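Chains, contacts and geometry: an overview
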Amino acid sequence: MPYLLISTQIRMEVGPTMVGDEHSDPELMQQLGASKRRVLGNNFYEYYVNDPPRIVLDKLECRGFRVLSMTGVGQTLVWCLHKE
Amino acid sequence: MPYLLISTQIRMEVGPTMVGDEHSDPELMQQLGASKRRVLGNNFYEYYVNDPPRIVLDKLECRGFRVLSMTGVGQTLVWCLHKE
Amino acid sequence: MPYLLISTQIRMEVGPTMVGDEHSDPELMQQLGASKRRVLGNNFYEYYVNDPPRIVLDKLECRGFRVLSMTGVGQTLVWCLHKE
Amino acid sequence: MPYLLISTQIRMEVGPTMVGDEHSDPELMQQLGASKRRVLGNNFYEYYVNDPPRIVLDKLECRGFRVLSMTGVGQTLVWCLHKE
Amino acid sequence: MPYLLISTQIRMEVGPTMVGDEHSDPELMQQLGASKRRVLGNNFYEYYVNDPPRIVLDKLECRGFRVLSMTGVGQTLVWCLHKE
Amino acid sequence: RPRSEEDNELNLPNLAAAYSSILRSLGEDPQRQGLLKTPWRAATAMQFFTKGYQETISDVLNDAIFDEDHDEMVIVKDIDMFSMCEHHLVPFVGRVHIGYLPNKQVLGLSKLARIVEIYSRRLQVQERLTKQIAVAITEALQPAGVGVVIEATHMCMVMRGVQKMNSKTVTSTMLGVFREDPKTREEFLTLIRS
Amino acid sequence: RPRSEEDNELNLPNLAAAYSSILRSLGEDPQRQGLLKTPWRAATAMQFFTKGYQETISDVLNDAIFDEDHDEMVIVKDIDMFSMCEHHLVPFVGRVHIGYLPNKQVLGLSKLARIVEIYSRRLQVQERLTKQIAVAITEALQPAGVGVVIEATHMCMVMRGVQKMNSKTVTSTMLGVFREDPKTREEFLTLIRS
Amino acid sequence: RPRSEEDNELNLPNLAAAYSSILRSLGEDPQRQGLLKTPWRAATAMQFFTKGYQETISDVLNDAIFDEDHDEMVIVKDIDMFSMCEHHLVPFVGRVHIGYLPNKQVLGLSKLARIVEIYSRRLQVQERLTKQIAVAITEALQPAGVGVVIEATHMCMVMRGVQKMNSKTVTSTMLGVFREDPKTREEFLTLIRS
Amino acid sequence: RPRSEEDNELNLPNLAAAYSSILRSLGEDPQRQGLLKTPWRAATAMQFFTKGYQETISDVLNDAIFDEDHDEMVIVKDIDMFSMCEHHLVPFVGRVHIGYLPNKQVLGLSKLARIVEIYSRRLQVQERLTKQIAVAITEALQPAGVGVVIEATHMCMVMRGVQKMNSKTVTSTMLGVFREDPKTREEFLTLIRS
Amino acid sequence: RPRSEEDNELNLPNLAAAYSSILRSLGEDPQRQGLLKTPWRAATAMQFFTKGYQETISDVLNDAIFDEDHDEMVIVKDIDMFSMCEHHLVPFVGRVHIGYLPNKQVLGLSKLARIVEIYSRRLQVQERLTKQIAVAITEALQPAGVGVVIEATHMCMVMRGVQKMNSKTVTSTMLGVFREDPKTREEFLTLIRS
Amino acid sequence: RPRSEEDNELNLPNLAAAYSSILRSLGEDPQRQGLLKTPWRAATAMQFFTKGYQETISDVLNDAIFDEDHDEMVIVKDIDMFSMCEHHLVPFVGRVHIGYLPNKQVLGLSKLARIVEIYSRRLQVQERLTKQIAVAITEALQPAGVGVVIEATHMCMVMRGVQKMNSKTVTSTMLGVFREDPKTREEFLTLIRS
Amino acid sequence: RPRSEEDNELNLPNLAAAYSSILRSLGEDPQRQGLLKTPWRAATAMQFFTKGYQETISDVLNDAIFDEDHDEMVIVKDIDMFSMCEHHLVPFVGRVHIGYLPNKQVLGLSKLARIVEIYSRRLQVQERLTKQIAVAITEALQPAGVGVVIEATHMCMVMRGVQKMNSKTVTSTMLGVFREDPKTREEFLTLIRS
Amino acid sequence: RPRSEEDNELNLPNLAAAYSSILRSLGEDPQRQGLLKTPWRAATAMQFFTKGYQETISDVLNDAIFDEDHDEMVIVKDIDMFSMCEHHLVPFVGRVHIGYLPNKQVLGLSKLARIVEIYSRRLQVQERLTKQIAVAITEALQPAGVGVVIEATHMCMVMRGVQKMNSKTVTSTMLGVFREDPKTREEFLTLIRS
Ligand SMILES: N[C@@H](Cc1ccccc1)C(=O)O
Ligand SMILES: N[C@@H](Cc1ccccc1)C(=O)O
Ligand SMILES: N[C@@H](Cc1ccccc1)C(=O)O
Ligand SMILES: N[C@@H](Cc1ccccc1)C(=O)O
Ligand SMILES: N[C@@H](Cc1ccccc1)C(=O)O
Ligand SMILES: [K+]
Ligand SMILES: [K+]
Ligand SMILES: [K+]
Ligand SMILES: [K+]
Ligand SMILES: [K+]
């Protein structure tokens, strides 16, 4: 599992920050302190964290991930990270 | 065929994920388990997969592709991959 | 002439693909089989091709260009390529 | 703290430029001459600077940061910087 | 002054191209043949050029700058360049 | 357990007595030629307004769901709805607007209207009514998304509050693509807009 | 005897109890977080809707009647009114249109508005309400004539009946020249018409 | 004899058969997944549109007629009505406007609404529907006069004829003073006018 | 095989016989002076409503398609349409809105109108009717895109359901650029919006 | 002698030739890809606008006149009508309003509509068209009176004259009681007014 | 070569002759008192409707173009326009909306109005008319962009087709920034929207 | 004696002081950055609202009264007027409708408008203001008759009273033939009606 | 310190005296039959317009805030409001529209209405009134966002300025997601738009 995707909305200086989907590494999710949920109406679970994306990026580097690309889409800021 | 383009819409944690066009490598498409179709009204065929883009990215790395760029456009999240 | 810009609209799996402006290398344009035109109302000429951007990216690699960045703007998907 | 996020709005040739969140390095913020505030209605503090993003990028290089990615989202231009 | 920001709007195959702000290097601006102005209502000056962004990118490479990132935002296409 | 015809008849008398009590408690003589049958009529009315309790989405469900291989937004707008405010027991009147992105399965108009009646005819809160209709549609169709919007005039601000029959309360529940895709939400709001 | 603040306080509990009873008699749990304070708000509301009983035309009367040596038609139209159906205890909402041919004495707006409030905020019958407002104006001014017209929507036909909020009931009372002279009657209806 | 619940059930099958026949007679396959239950639904519908046959003014009558010592015009307007053309078996939709000069006795809204329903839910001719509603009111109240006006849109000219949904048919029946006194007639037409 | 003038005449009697049967099954005397010719008028009507079966897009096709070197959106809005509900055999009336991005080839108004009539005059389901008109246009023009929006009132909720003629159903089909380019879709909805 | 299907086909060519002439006489090349089939279409259109000549009131007459024992005003309003200005051969578009006091005999809608079509689809003068429709109804019914009002926009004042599409021309014909009794006339103008 | 006052007089008889022929080919007597001067009036009218051929953008051009150092969108909306359908020779009436982003040079109202008249008063196709006006404005101002929208009713669908005067045709042409910038396009549609 | 510019200046300070007092008497700090210049502005406003006192019908009179040998009704309607309620010193806004039957002499618009301003801009009572305008016109023209009608919203029932901005007060004064001839009165009310 | 009933009675005389002064200072005789009680009524009115000073959000607060586990936009629009211009002491009337994104906690209508009344019934500036209501709601709910828009007519531009009652002033305050997320802001402006 080399790739990871995280995102935040409306504003970058505050969370929540989405850190994973249903098939995400349970350990990594736990390391980040990410909660899991399925918003009413959605057909999928998501892992989130209350930290600002910047904080989640630092933690992620410690686990060996690096930011490959960052992009906006709608009102969503997305980071694409790659491990090794 | 060094370049590849994949994409998803509205949400990143779930598919479908578009993995190819009419002139895509049939073998690679088969390896991904991609179906082919032509939406009514469109003058072109597209290869899709029900997996989340993150899963498709991992599979693609096993076949030698690396993510060069990721961007949003409209409600579409797009990844540009390059082989070798 | 180290930089090149190409683009497509609405959908990525089909063309046309814009491959050049009025001051583009005539030889390169010819190699890509690009037509030239000036849309009514516009004060500029444009070189286009009927191929999907993915196909144009492969041909461009053969001539020594590499994708540096990809971005969306409006309903336009744009690739920034650099030679050597 | 390897990652840093800055941003500006509407126009790039003029500030303000957002340089940090509540958990930003106080020293770095002071070095940039960044003020701190919490806009009415928002549940978070932000560090800003009256300089154009380009000026803030030069200062940030002096402190060892490099631009990894730049993206637009809404009417906000965002830069993702990484130190070492 | 290692970083530079240039941009164009609506269409990429034609100018004008924004090449600088009020605190830009006067020499570099002169080398590009950039005019200066302050649009009515705006509280800032801007340096522009009538050339297409692609042309401006070539000239800029001659002066030692390289494209680090390109992004869309609104109807504005933006290039982030870095010198050395 | 869903209320039933029996429950009503066995309770009618209790309601009639309560209203007859209220008549007195206000200053009226429940004996007047025109106030005699009121305790009963009041009671029958108060039951008709809450007859939704004696039903369940199930009674409607499968009876009318057709396959039409449709996967584009469908909208039923300007549906009249009358309900009872669980706070003052005063009714709030208005309109309901429903839209959904089918996953091959479509709902019949009557069935849709039946779902609205079932939850509106009972003590309610606009925010809750909105959400129940949305979920009921989601469960009965497994659609890609669904949106519900209610606009109503609350009579406890018309007569009460002071004199504000002008005021309007707008609530909405957006599930699936209607929640995540700003474009679908905009189109939905545009198509019911006029 | 006119109802009074004391009467209310001494009856509030009785109402609250009747409503709390009804809640049960319908199927609800008077204990739910949102139904707890309902029996009281319901009683309070029901008293505000009938606060007209605790007043009389006298309280208003002389307080505001001026001499303006005027002897031509005076019309106050589009006066919002809210009342209760003595038949189902459901409210009927609408507008009131008043007109009178003064005999030197004119009535102030506030006083006029108070006369409408007094008789409308109580269990009523549109026909009666129309007549009471008319006679009250006749008594407080000895005019050459007076006309009152009420147009209202009865909620017991909007929700009940089937679904008839469209329906409008129009009643009128013409006294004096308003009854005997067709010309005055026509001018009055023309002037409120638009 | 008034049609009854038994009659319907004993005839439903006969109707279903007739429609199942028509389906074929037109070129359709009564077997399609979407046409299967049609013969029955079409039949049920056709019975609902003519359910007025299973009722009489008597059922309504006395049940709700009150003494309010009123003797001035009373009007109920904009009553929605739906009916069936006995000529093409295509429905005509519209509005009903009723007015009457009571002779002490007044009719309650529900009852009035029920009278309209009874004669309109059956095969009709606008001119007949207008007159029947008017005579029914006259019999149930011995009023000094009564007036009925119907304005409807006929689908046998909207779709058929060419494309005339614009066209509106207006019929009226004026009895008593509504017939003999032009002033009453004018006031009634004025009051429903807007 | 498309229905023909022969099929009609060879079936009219079977239709008239079914309707004469229904008349009886409801309680009427098919003999009344005004019901005699009804079975035939009903039958004739029911065939006019489904006369679209005796046609095909081909009959229209090439007859009127001109080259105008146009490649910008063309919209025809507020096209009246009348159709039959295949579920209750009751009609639904409304308006059709069409737009398409031509690929040099344009369609003639008359032809476009004929396409709508062909599919609407037959037993339908709004969702399906919307889709057939859309594809029909895509086939007769090979355009860059096409959009169709239908808004209609279903009489099986006006009279039936309770009384909901207020309700409106909105359906749409977006092919080509109309589906993929949000901007085209918005502009289309804006230009028909008002 | 009423024009006939034979007459048309034997004249179509003559018309086509005249129009093909006009095309040249104006500056156009009747050979253009878009102007080729024009002379025929133009000719076809011009015959449809005058297809009223090939008919007579007789064709309509008795076919649909029913006995309903009705003797009160019947009104059919807002009937769309198109016609040709015999003076400039430019059409005038508008609406026809009809009313009549039946003498037991009533007229069917379709028949009434056919009467309007007959006289309007032919070269006309508004004043005359109004009168012919009025007389046609009087002959087909022997009523106690009849009224016809036409309001139309004349295209020879919209484009021509300067730019006056705003202007409207109103004509009327009142026969029988509609002429003699000012009261009937007023009621008729009131009932079509709105 | 632009048509001229001589060409007309030399051709008017040719037109009058053609119409005199048509009058006969239809069944009329070109001799009636009111039909005598028709062939000439019809001819005079047909020339007036096509007087656009005897003009060129040149006649207008430079005559009224002022420098006002303006570089923001300018809009002239609701410009009435009348034209002729080259396919049926029937007119289509409507409105034109024009917008453009000036490059220092602006266009005067009269001149703009004259540009519209020039191309509308001649045999047309809505799509073409929209485009010609668009390009005419582009040539006379070298603007950064220009947009044109035309909404119109086609008489060949009002009378003909069946009865569809309700139908509206919308066409647009967007050049320059009006084509490439969605934001400019949206603002333009907003400012003409209402 | 008519108020004058001198009086104003000699009193402005007084007013300013009265208002400054009121500010305190209410709880405000007359020193706040936004309340400093208020006492003066308020005073200036209160003088402008009552500037009518510094004028007389004479100042207007003869200056503009022309002979046009006209003897048929002349009407000037929808004249905006603003005034002050002498009872609460709160303004009442509305419209004035004037009509008169000249006796050769006609009044000029500006002059008429000045007469309305003179009596409206001062402490008033609707009845009196209506009457004063009517007599003023009567004196300035010796007409055969004159009618004045005022409809206005009184802000002392919009904010005060409860919330009745809906309510409108209509007053009128009819002199001469407008009083004695019902026909003249009706036509005046008709011509201003719409 | 919030103003109180005592404060009023202790100040009424002072206000009365200030107005009595103004009366004279204008040219009026405070003794006139109709001007006698004015100074008091004027004073009482001015206190009612500023009765907001004797209240605080606290009085409202917790008394009515329910938990309904809702987290989607809630809107209350067209709330009538009346206020006083702190600059001219003239009132400005209009409507307030409110929206917020609840964080589980919702606000009852009456409470919301009370908040608006509290800040509007006092000397104000529209920009300020908007912001205060927005903040008051943010504190009484800790919502994820809140928006407030006010549109009003300022009487100091209707009568004063010249005559501009047409003019409307719109102000807004967006807090939270309503400020940062353009999509939320748009949906909010759409849902109150109509
Ligand atoms: N909401 C911001 C963009 C943004 C969203 C999410 C994260 C960062 C920035 C805007 O509208 O400009
Ligand atoms: N739907 C998201 C953007 C998004 C689209 C697709 C994938 C990921 C994110 C938004 O509008 O904010
Ligand atoms: N039309 C896509 C955006 C897009 C444009 C160009 C290429 C790919 C995608 C959308 O609206 O989601
Ligand atoms: N406001 C610019 C985009 C932009 C925003 C912020 C910084 C730079 C550019 C536009 O609408 O095109
Ligand atoms: N105007 C383009 C976006 C774009 C902007 C700037 C340069 C190039 C393209 C669109 O809306 O698709
Ligand atoms: K966030
Ligand atoms: K997805
Ligand atoms: K493309
Ligand atoms: K900025
Ligand atoms: K550019």
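Residues numbered from 1 in each chain as written, not as in the entry; some residues may be left out. Chains lettered and ligands numbered in written order. Part of a larger assembly, values for the part shown. Heavy atoms only, no water. Residues with missing side-chain atoms left out of burial classes, pairs and counts.

Looking now at the overall build of chain A. The secondary structure content of chain A amounts to 2 helices and 6 strands. Counting from the amino terminus, helix and strand elements in chain A follow one another as β-β-α-β-β-α-β-β. Since a compact globule built from 84 residues should have a radius of gyration of about 12 Å, the 12 Å found for chain A is in line with a globular shape. With respect to the principal axes defined by its C-alpha atoms, chain A has extents near 35 × 25 × 20 Å. The buried share of chain A, taken over its 84 residues, is 60%. In chain A, the share of contacts with a sequence separation of at least 24, taken over all contacts with a separation of at least 6, comes to 51%. Positive and negative side-chain charges of chain A, numbering 9 and 10 respectively, have mean locations separated by a distance of 4 Å. (Helix = DSSP H or I, 4+ residues; strand = E, 2+ residues; numbered from the N terminus. Rg over C-alpha atoms; globule rule 2.2 N^0.38 Å. Buried < 20%, exposed > 50% of the residue type's maximum accessible area, 1.4 Å probe, protein only. Contact = heavy atoms within 4.5 Å. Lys, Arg positive; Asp, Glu negative; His and termini not counted. Charge placed at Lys NZ, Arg CZ, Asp CG, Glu CD.)

All right, on to the packing of helix α4 (residues 109-120) of chain G against helix α5 (residues 126-139) of chain G then. All names here are of chain G. Following both chains from N to C, one finds α4 and α5 inclined at 140°, their axes separated by 10 Å at the closest point. Crossing of α4 over α5 shows right-handed handedness. Counted together, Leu112, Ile115, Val116, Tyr119 and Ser120 of α4 and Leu129, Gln132, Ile133, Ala136 and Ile137 of α5 form the full contact between these two elements. Grouping the amino acids of the contact of α4 with α5 by side-chain chemistry returns 8 nonpolar, 2 polar and no charged. (Axes fitted to C-alpha atoms, helices over the stretch in contact; angles between N-to-C directions. Left-handed = near helix turned anticlockwise from the far one by under 90°. Nonpolar A, V, L, I, M, F, W, Y, C, P; charged D, E, K, R; others polar.)

In this section: the UniProt feature "binding site: Zn(2+)" in chain F. Residues annotated by UniProt as "binding site: Zn(2+)" correspond here to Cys85, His88 and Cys156 of chain F. These annotated residues cover 72 residues of sequence, and their C-alpha atoms lie no more than 8.5 Å from one another, placing them together at a single site. Along the polypeptide, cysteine 85 of chain F turns up in strand β2 (residues 74-85). Other than its neighbours up to four places away in sequence, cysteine 85 of chain F contacts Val90, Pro91, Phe92 and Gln124 of chain F. Within the secondary structure, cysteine 156 of chain F is located in helix α6 (residues 155-158). Among all residues touching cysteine 156 of chain F, those that are not within four sequence positions of it are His88, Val90 and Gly161 of chain F together with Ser110 of chain M. (UniProt positions renumbered as here; feature names shortened; annotations may be inferred.)

The next subject is the relation of the copies chain B and chain C. Each copy of the sequence occupies a distinct position, and chain B is placed on chain C by a rotation of 72° and an axial shift of 0.0 Å, giving an RMSD of 0.0 Å. What we have between these two chains is a five-fold relation. If distances are taken from each C-alpha of chain B to the rotation axis, the shortest is found for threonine 71 of chain B, at 4.4 Å. (Least-squares fit on C-alpha atoms.)

Let's shift gears to the coordination of the potassium ion (ligand 6). Here the potassium ion (ligand 6) is held by the protein donor atoms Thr8 of chain A (OG1), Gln9 of chain A (O), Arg11 of chain A (O), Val14 of chain A (O) and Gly15 of chain A (O), which lie 2.5 to 3.2 Å from it. Site description for the potassium ion (ligand 6): donor spacing in sequence, T-Q-x1-R-x2-V-G. (Donors = N, O, S within 2.8 Å, 3.2 Å for Na, K, Ca; no water.)

This part covers the site of ligand 2. As a matter of local geometry, ligand 2 sits amid 13 residues, with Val73, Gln75 and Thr76 of chain A together with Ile10 and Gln75 of chain B nearest to it. Neighbouring residues of ligand 2 are distributed over chains A, B and F. Between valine 73 of chain A and ligand 2, the recorded distance is 3.5 Å, taken from a backbone N or O atom to an oxygen atom. Measuring from an oxygen atom of ligand 2, one finds a backbone N or O atom of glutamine 75 of chain A at 2.9 Å. When its residues are assigned to classes, the shell around ligand 2 shows 5 nonpolar, 6 polar and 2 charged. (Near = heavy atom within 4 Å. Polar contact = N/O pair within 3.5 Å; in protein donor to acceptor, adjacent residues only side chain to side chain.)

Moving on, we come to the packing of aromatic side chains. Applying the stated rule across the entire model yields 16 aromatic pairs over all chains. With a centroid separation of 5.3 Å and 65° between ring planes, the pair formed by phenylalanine 178 of chain I and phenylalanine 188 of chain I is classed as edge-to-face. Here the residue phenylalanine 178 of chain I occupies a position in helix α8 (residues 177-180), and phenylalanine 188 of chain I occupies one in helix α9 (residues 182-193), the gap between them amounting to 10 residues. Accessibility assignment for this pair places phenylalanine 178 of chain I and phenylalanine 188 of chain I in one class, buried. The aromatic ring of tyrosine 45 of chain D is capped on one face by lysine 36 of chain D, whose charged end is 5.3 Å from the ring centroid. Sitting over the ring of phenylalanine 48 of chain F, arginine 160 of chain G keeps its end group 5.6 Å from the ring centre. (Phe/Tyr/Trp six-rings, centres within 6.5 Å; stacked < 30°, edge-to-face > 60°. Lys NZ or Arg CZ within 6 Å of the ring centre and 35° of its normal.)

Attention now goes to the side chain of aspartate 58 of chain E. Topologically, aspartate 58 of chain E is positioned in helix α2 (residues 53-62). The side chain of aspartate 58 of chain E sits in the buried core without any salt bridge; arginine 54 of chain E is the nearest counter-charge, 4.8 Å away. (Salt bridge = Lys/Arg side-chain N within 4 Å of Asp/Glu carboxyl O.)

Before going further, it helps to spend a moment on the sheet that holds strand β3 (residues 35-37) of chain A. Residue and element names in this part refer to chain A. In spatial order, the strands read β3-β4-β2-β1-β6-β5; together these 6 strands make up an open sheet with antiparallel pairing. This sheet does not close on itself; its edge strands, each paired only once, are β3 and β5 (66-73). Each adjacent strand pair in this sheet contributes to an overall mean axis angle of 30°, direction not counted. Sheet topology note: the strand β1 (residues 3-9)/strand β6 (residues 76-82) ladder contains 7 bridges and is antiparallel. Within β6, the position partnered with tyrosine 3 by the bridge is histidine 82. Packing against the sheet, helix α2 (residues 53-62) makes contact with β1, β2 (17-21), β4 (46-49), β5 and β6, and its axis sits at approximately 160° to β1. (Pairing = 2+ DSSP bridges.)

It is worth spelling out the interface of chain J and chain K at this point. A common way to express how large an interface is: the accessible area buried when the components associate. If you look at the interface, chain J gives 43 residues, while chain K gives 44 residues. Taken together, both faces of the contact between chain J and chain K bury some 3900 Å²; the carbon and sulfur share is 71%. Remark: the boundary between chain J and chain K carries 2 salt bridges. Notably, a salt bridge pairs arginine 32 of chain K with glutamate 86 of chain J, separated by 2.9 Å at the nearest N-O pair. Going through the elements one at a time, α1 (5-26), α2 (38-48), β2 (74-85), β3 (91-101) and α6 (155-158) of chain J are the ones with two or more residues in the side of chain J that touches chain K. Top contributing element to the side of chain J that touches chain K by residue count: α1 of chain J, with 10 residues. Across the side of chain J that touches chain K, the residue classes tally to 23 nonpolar, 11 polar and 9 charged. (Buried area = accessible area lost by both parts, 1.4 Å probe.)

Contacts between the two partners involve 24 residues from chain B and, on the opposite side, 21 residues from chain C. In total, about 2000 Å² of surface goes out of reach between chain B and chain C, with carbon and sulfur atoms giving 64% of it. Taken together, chain B and chain C are joined by 2 salt bridges. The shortest N-O distance in the salt bridge between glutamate 46 of chain B and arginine 11 of chain C comes to 3.0 Å.

Residue and element names in this part refer to chain F. By domain assignment, chain F separates into domain 1 (1-60) and domain 2 (61-194). On a C-alpha basis, the centroid separation for the pair domain 1 and domain 2 is 28 Å. At the interface, 13 residues of domain 1 touch 16 residues of domain 2. Interface of domain 1 and domain 2: buried area, both sides summed, is about 1400 Å²; carbon and sulfur atoms make up 60% of it. Broken down residue by residue, the surface that domain 1 buries against domain 2 is led by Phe49, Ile57 and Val60, which jointly contribute 47%. In this structure, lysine 51 and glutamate 117 form a salt bridge, with 2.8 Å as the shortest nitrogen-oxygen distance. Across the domain 1-domain 2 interface, the total number found is 10 residue pairs in polar contact. (Domains from an automatic or database assignment.)

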